[PDB]
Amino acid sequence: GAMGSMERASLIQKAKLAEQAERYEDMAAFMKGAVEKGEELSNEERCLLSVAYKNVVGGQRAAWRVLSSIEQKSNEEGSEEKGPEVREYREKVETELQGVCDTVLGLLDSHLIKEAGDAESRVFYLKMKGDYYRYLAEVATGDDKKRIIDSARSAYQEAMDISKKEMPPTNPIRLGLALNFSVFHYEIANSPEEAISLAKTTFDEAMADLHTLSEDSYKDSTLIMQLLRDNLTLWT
């Protein structure tokens, strides 16, 4: 642990500075160091961890997609042989992406999930576990691909079960979990009907609970509900 000598509070402070400076790799390294102090994370600290790695892996995914598209075009008929370089470089980016996913999953397994007892923390971490297995599934092609997909499904499903029992239907974590699990169904599991059904039921149940909320909570919930609607519009 390269951050072993830095105070927990200083790591959190620097993660926030790194975010302001749009230095997301630094932000992720600082948050990994904070997690490795062994204490539970607060709600805000969980957000910092998620933002950092979402931005890092999001950039890797975007690059992987660009390279994969070039590689596919290089393998079509009439294409001129350009050597192993496209595959090699796609593989380089892919291996780095897998390394980041493995790091996040490692933090969740050692030992964030097992210490998370409140729904707001446990659902959030299980959602993250589903997300990072989903990113592994996006690039997977080997003997373990079905097991990777099933690991994502299982994490999302445990999060869903807790969220439905312990959170109101407008809770933003519950909504974001459903948003992402719906995307999992559509893009990973080849289950577009399940994706659409989940997004629609989630949206409708949230709508019916908005009446209970303050103006600020309403803003938070409707923001995520709009993402559900956006995906439904894309898919129907």
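Numbering starts at 1 and runs along the sequence shown.
Undergrad: Tell me which stretch, 159-167 or 81-89, has the higher mean Cα B-factor listed in the entry.
TA: Per the PDB record, 81-89.
Undergrad: With reference to the PDB entry, specify whether the mean Cα temperature factor is higher for 143-151 or for 120-128.
TA: On average, C-alpha B-factors are higher across 143-151.
Undergrad: So if I compare the CA B-factors in the entry for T202, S68, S42, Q60, which one is the largest?
TA: It is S68.
Undergrad: Taking the chain's C-alpha temperature factors as the reference, tell me which third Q13 falls into: lowest, middle or highest.
TA: Middle third.
Undergrad: Give the position of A52 by CA B-factor within its chain, expressed as the lowest, middle or highest third.
TA: It belongs to the lowest third of the chain when residues are ordered by C-alpha B-factor.
Undergrad: Looking at the C-alpha B-factor of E194, is it in the lowest, middle or highest third of its chain?
TA: Tercile = lowest for this residue's CA B-factor.
Undergrad: Taking the C-alpha B-factors as the PDB entry records them, is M31 in the lowest, middle or highest third of its chain?
TA: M31: CA B-factor falls in the lowest third of its chain.
Undergrad: Lowest, middle or highest third: where is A208 by C-alpha B factor in its chain?
TA: It belongs to the middle third of the chain when residues are ordered by C-alpha B-factor.
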